[PDB]
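In what follows, a single structure is set out as structure tokens and then discussed.
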Amino acid sequence: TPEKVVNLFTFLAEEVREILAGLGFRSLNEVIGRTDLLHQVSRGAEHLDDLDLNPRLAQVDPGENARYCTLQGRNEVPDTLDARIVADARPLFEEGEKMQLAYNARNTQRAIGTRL
Amino acid sequence: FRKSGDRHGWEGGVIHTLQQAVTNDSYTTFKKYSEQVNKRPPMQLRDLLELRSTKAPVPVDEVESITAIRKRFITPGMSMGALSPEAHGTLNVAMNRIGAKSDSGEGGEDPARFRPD
């Protein structure tokens, strides 16, 4: 039943809200990348395992950029030949009539005829 | 056209070579056509002229595309009275396929053809 999955996700979100409120922040953005809030504790003085998690606790300083994605939309790519074709075969998309085009191809033109 | 008479623009060999080049779709035969047309004695004013530039040649692949040039031609008006409806229709269909313009000429036009097939 979908209600089951909805309830599971709701409980999982409420737990994260509780934990964030207990720490002292008000958003998941304020906690992304903040490694200094994590400490390592040993199991005890009877196991004597020398695990040092510091290699994963290392905090590189970002600089003037933020610690997460700060851009909208996808990463755009340069335009191929197809653009020109879309400029020419307009009666096909406006009326639905047969067309016939000719061009020149070069090996630096990838995905010839995919956007169409 | 006669053997003893003057020279004309459209002779038999020219017509046959053009029709062959356009029926088989072979560019070499069209080049033969152009060679056979542009080598006769001067018959018009534009035969006494010569093209002579001074810049250096460029590769052909950098010249503007075909369609951008084909959209500069048309077919002049030829009324449906003179031509058969078959030829008029074939001209109008063939020109609307490459993006260029065709003509209607005098003598009106069949209204039923105001919509595509």
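In the structure tokens, chains take the letters A, B, ... in the order shown, each chain's residues start at 1, and ligands count up from 1 in the order shown.
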
If the cut-off is 7 Å, can you tell me the residues of chain B near chain A, counting only C-alpha atoms? I'd like them as a ChimeraX atom specification.
/B:61,65-67,97-98

Generate a file of the selected residues that holds C-alpha atoms, formatted as an mmCIF file, in the first residue's frame.
```cif
data_model
loop_
_atom_site.group_PDB
_atom_site.id
_atom_site.type_symbol
_atom_site.label_atom_id
_atom_site.label_comp_id
_atom_site.auth_asym_id
_atom_site.auth_seq_id
_atom_site.Cartn_x
_atom_site.Cartn_y
_atom_site.Cartn_z
ATOM 1 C CA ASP B 61 33.587 23.156 -47.230
ATOM 2 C CA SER B 65 25.451 25.795 -47.172
ATOM 3 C CA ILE B 66 23.309 24.502 -50.027
ATOM 4 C CA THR B 67 19.868 25.197 -48.561
ATOM 5 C CA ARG B 97 9.905 20.600 -50.564
ATOM 6 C CA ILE B 98 13.289 22.370 -50.621
#
```

Within 8 Å of stretch 81-86 of chain A, counting only C-alpha atoms, which residues qualify if same-chain residues fewer than 2 places away don't, as a list in words?
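Counting only the stated atoms, we get residues 79, 88, 89, 90, 109, 112, 113, 114, 115 and 116 of chain A.
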
Can those selected residues be exported to a file as a JSON list (two decimals), in the first residue's frame so that it contains C-alpha atoms?
```
[["chain", "number", "residue", "atom", "x", "y", "z"],
["A", 79, "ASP", "CA", 25.28, 23.72, -29.94],
["A", 88, "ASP", "CA", 15.01, 25.49, -41.45],
["A", 89, "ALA", "CA", 12.47, 22.65, -41.09],
["A", 90, "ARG", "CA", 9.78, 24.91, -39.66],
["A", 109, "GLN", "CA", 30.07, 17.77, -35.43],
["A", 112, "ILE", "CA", 24.02, 14.87, -36.08],
["A", 113, "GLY", "CA", 20.24, 14.60, -36.07],
["A", 114, "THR", "CA", 19.39, 13.88, -32.42],
["A", 115, "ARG", "CA", 17.66, 17.10, -31.34],
["A", 116, "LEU", "CA", 15.42, 16.86, -34.40]]
```

Could you go through chain B and tell me which residues DSSP, when run on the backbone, assigns to helix (DSSP H, G or I), listing them as an MDAnalysis selection string?
chainID B and resid 12:24 27:37 45:47 60:62 67:70 85:97 111:113

Counting only C-alpha atoms, what is within 8 Å of stretch 76-78 of chain B, bar same-chain residues fewer than 6 positions away, as a PyMOL selection string?
chain B and resi 88+102-106

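Residues in contact range of stretch 24-34 of chain A, defined as at most 12 Å between only C-alpha atoms, with sequence neighbours fewer than 4 positions away removed, read residues 13, 16, 17, 18, 19, 20, 38, 39, 56, 57, 58, 59, 60, 61, 62, 66, 67, 68, 69 and 70 of chain A.
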
Generate the output file for the selected residues, N, CA, C and O atoms, as an mmCIF file, in the first residue's frame.
```cif
data_model
loop_
_atom_site.group_PDB
_atom_site.id
_atom_site.type_symbol
_atom_site.label_atom_id
_atom_site.label_comp_id
_atom_site.auth_asym_id
_atom_site.auth_seq_id
_atom_site.Cartn_x
_atom_site.Cartn_y
_atom_site.Cartn_z
ATOM 1 N N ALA A 13 11.601 11.707 8.068
ATOM 2 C CA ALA A 13 11.821 13.149 8.051
ATOM 3 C C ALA A 13 11.641 13.775 9.427
ATOM 4 O O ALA A 13 12.395 14.686 9.797
ATOM 5 N N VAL A 16 14.797 13.387 11.520
ATOM 6 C CA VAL A 16 15.847 14.332 11.156
ATOM 7 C C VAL A 16 15.523 15.719 11.691
ATOM 8 O O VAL A 16 16.414 16.445 12.147
ATOM 9 N N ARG A 17 14.249 16.114 11.637
ATOM 10 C CA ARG A 17 13.858 17.390 12.232
ATOM 11 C C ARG A 17 14.183 17.424 13.718
ATOM 12 O O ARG A 17 14.723 18.416 14.224
ATOM 13 N N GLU A 18 13.857 16.346 14.432
ATOM 14 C CA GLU A 18 14.144 16.272 15.861
ATOM 15 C C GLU A 18 15.635 16.412 16.133
ATOM 16 O O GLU A 18 16.049 17.153 17.033
ATOM 17 N N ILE A 19 16.461 15.706 15.358
ATOM 18 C CA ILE A 19 17.902 15.746 15.593
ATOM 19 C C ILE A 19 18.460 17.134 15.304
ATOM 20 O O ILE A 19 19.269 17.669 16.076
ATOM 21 N N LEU A 20 18.044 17.742 14.190
ATOM 22 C CA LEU A 20 18.518 19.082 13.863
ATOM 23 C C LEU A 20 18.112 20.089 14.928
ATOM 24 O O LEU A 20 18.891 20.983 15.275
ATOM 25 N N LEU A 38 31.535 16.170 14.224
ATOM 26 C CA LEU A 38 31.659 14.727 14.363
ATOM 27 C C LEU A 38 32.924 14.406 15.141
ATOM 28 O O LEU A 38 34.004 14.907 14.813
ATOM 29 N N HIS A 39 32.792 13.574 16.169
ATOM 30 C CA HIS A 39 33.930 13.133 16.958
ATOM 31 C C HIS A 39 34.002 11.614 16.938
ATOM 32 O O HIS A 39 33.007 10.927 16.706
ATOM 33 N N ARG A 56 38.880 10.484 7.187
ATOM 34 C CA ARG A 56 37.587 10.900 6.665
ATOM 35 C C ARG A 56 37.034 12.134 7.364
ATOM 36 O O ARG A 56 36.072 12.727 6.869
ATOM 37 N N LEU A 57 37.620 12.539 8.485
ATOM 38 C CA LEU A 57 37.195 13.733 9.199
ATOM 39 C C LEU A 57 37.968 14.974 8.784
ATOM 40 O O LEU A 57 37.761 16.039 9.372
ATOM 41 N N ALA A 58 38.856 14.862 7.801
ATOM 42 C CA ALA A 58 39.645 16.006 7.372
ATOM 43 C C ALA A 58 38.746 17.043 6.717
ATOM 44 O O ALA A 58 37.896 16.707 5.889
ATOM 45 N N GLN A 59 38.928 18.302 7.093
ATOM 46 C CA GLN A 59 38.084 19.396 6.626
ATOM 47 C C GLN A 59 38.931 20.348 5.792
ATOM 48 O O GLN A 59 39.682 21.163 6.333
ATOM 49 N N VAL A 60 38.807 20.242 4.476
ATOM 50 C CA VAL A 60 39.426 21.200 3.571
ATOM 51 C C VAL A 60 38.585 22.468 3.545
ATOM 52 O O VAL A 60 37.350 22.414 3.559
ATOM 53 N N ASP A 61 39.247 23.619 3.526
ATOM 54 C CA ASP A 61 38.534 24.891 3.558
ATOM 55 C C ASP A 61 38.105 25.287 2.150
ATOM 56 O O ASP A 61 38.943 25.345 1.245
ATOM 57 N N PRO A 62 36.819 25.575 1.929
ATOM 58 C CA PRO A 62 36.336 25.811 0.562
ATOM 59 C C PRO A 62 36.847 27.105 -0.052
ATOM 60 O O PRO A 62 37.312 27.110 -1.195
ATOM 61 N N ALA A 66 30.363 28.294 -1.698
ATOM 62 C CA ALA A 66 29.651 27.560 -0.666
ATOM 63 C C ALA A 66 30.067 26.092 -0.683
ATOM 64 O O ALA A 66 30.867 25.653 -1.512
ATOM 65 N N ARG A 67 29.514 25.316 0.248
ATOM 66 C CA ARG A 67 29.844 23.906 0.378
ATOM 67 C C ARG A 67 28.812 22.997 -0.277
ATOM 68 O O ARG A 67 28.703 21.826 0.100
ATOM 69 N N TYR A 68 28.054 23.504 -1.244
ATOM 70 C CA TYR A 68 27.081 22.687 -1.954
ATOM 71 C C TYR A 68 26.768 23.354 -3.286
ATOM 72 O O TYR A 68 27.334 24.393 -3.630
ATOM 73 N N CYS A 69 25.859 22.740 -4.038
ATOM 74 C CA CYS A 69 25.493 23.262 -5.347
ATOM 75 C C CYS A 69 24.712 24.561 -5.202
ATOM 76 O O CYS A 69 23.711 24.619 -4.481
ATOM 77 N N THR A 70 25.170 25.604 -5.890
ATOM 78 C CA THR A 70 24.548 26.922 -5.849
ATOM 79 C C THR A 70 24.198 27.402 -7.249
ATOM 80 O O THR A 70 24.383 28.576 -7.584
#
```

Tell me which protein, DNA and RNA residues are within 10 Å of residue B:72, counting only C-alpha atoms, leaving out same-chain ones fewer than 5 positions away, and put them as a ChimeraX atom specification.
/B:67,99-101

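What separates atom CA of residue B:107 from atom CA of residue B:94 is a distance of 20.5 Å.
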
Spatial neighbours of residue B:89, max dist 12 Å, only C-alpha atoms, sep filter under 2 positions, as a list in words
residues 78, 79, 80, 83, 84, 85, 86, 87, 91, 92, 93, 94, 95, 96, 102, 103, 104, 109, 110 and 113 of chain B

Report as a VMD selection string all protein, DNA and RNA residues lying within 12 Å of residue B:13, evaluated on only C-alpha atoms, omitting residues in the same chain fewer than 6 positions from it.
chain B and resid 19 to 20 32 to 34 36 to 37
